[PDB]
């Protein structure tokens, strides 16, 4: 199928530094849940697939610049991001959590197990008041250009002393070095790291969903338009959603999630 054709090859951008979503093997080849899912979705469509590496900070500009056609990199679906790109339906959930080292004063919290910032209400606002007091006078680290940064900078938990790094591996090491007091990231990121490193990282407070954390992880695609590029982009959105539905019906997304996360993180 020639490039530009109705049914041509799809280039998918991923980071390669975010296990178990996307990572690199010892040979440096890209692996993980999203690599295997991308391949399965493109097989359903009957289109060829190429996976290419892209740094997280530059991921959305790179899509806009046409370095690739789709983002599959653990990217949460948010209304903010929908201002400039669009998403497929979600294929997996990712709850966020605060993490500290064993010994921290935050290990004595009593919050709900989870809160949803879109559903909101008085009990959620009270939990945020508690978190505001818990973070006062502490340093908190997170990955640059994430929902986690957005939340912390929002004022919803007060005026936070935020530290950021380009990659989640740096966040993990800032926390375990003791150089930062608290970190915010996906719960699955902290458990993947706790599992590999053996370091005593502990989740504290409620898990976070909704609001600045969005609603699941989806395929990021350029917004449709009327020029050649734009009608191809509209069709890619249509094809991805059909393929996700088919994969879900066949039990594929669930099976893959268990094979990577150890539990069914799929949507």
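Residue numbers count along the first chain shown, from 1.
**Student:** Tell me which stretch, 43-51 or 64-72, has the higher mean Cα B-factor listed in the entry.
**Tutor:** Going by the record's values, the stretch with the higher mean is 43-51.
**Student:** Mean C-alpha B factor from the entry: is it higher for 250-258 or for 6-14?
**Tutor:** On average, C-alpha B-factors are higher across 6-14.
**Student:** Going by the entry, which of 172, 149, 89, 105 has the most elevated CA B factor?
**Tutor:** Highest C-alpha B-factor among the listed options: 105.
**Student:** Highest recorded C-alpha temperature factor, please, choosing from 116, 191, 132, 82.
**Tutor:** Answer for 116, 191, 132, 82: 191, with the highest C-alpha B-factor.
**Student:** When the modelled residues of the chain are sorted by Cα temperature factor, does residue 57 land in the lowest, middle or highest third?
**Tutor:** It falls in the top third of the chain.
**Student:** Is the Cα B-factor recorded for residue 238 in the lowest, middle or highest third of its chain?
**Tutor:** For residue 238, whose C-alpha B-factor we compare with every modelled residue in the chain, the answer is the middle third.
**Student:** Going by what the PDB entry lists, where does residue 168 fall on CA B-factor within its chain: lowest, middle or highest third?
**Tutor:** According to the entry, residue 168 has a C-alpha B-factor in the chain's lowest third.
**Student:** Looking at the entry's B-factor column for C-alpha atoms only, identify whether residue 128 ranks in the lowest, middle or highest third of its chain.
**Tutor:** For residue 128, whose C-alpha B-factor we compare with every modelled residue in the chain, the answer is the middle third.
**Student:** Would you check the entry's CA temperature factor for residue 145 and let me know if it's in the chain's lowest, middle or highest third?
**Tutor:** Its C-alpha B-factor, which the entry lists for residue 145, ranks in the middle third among residues of this chain.
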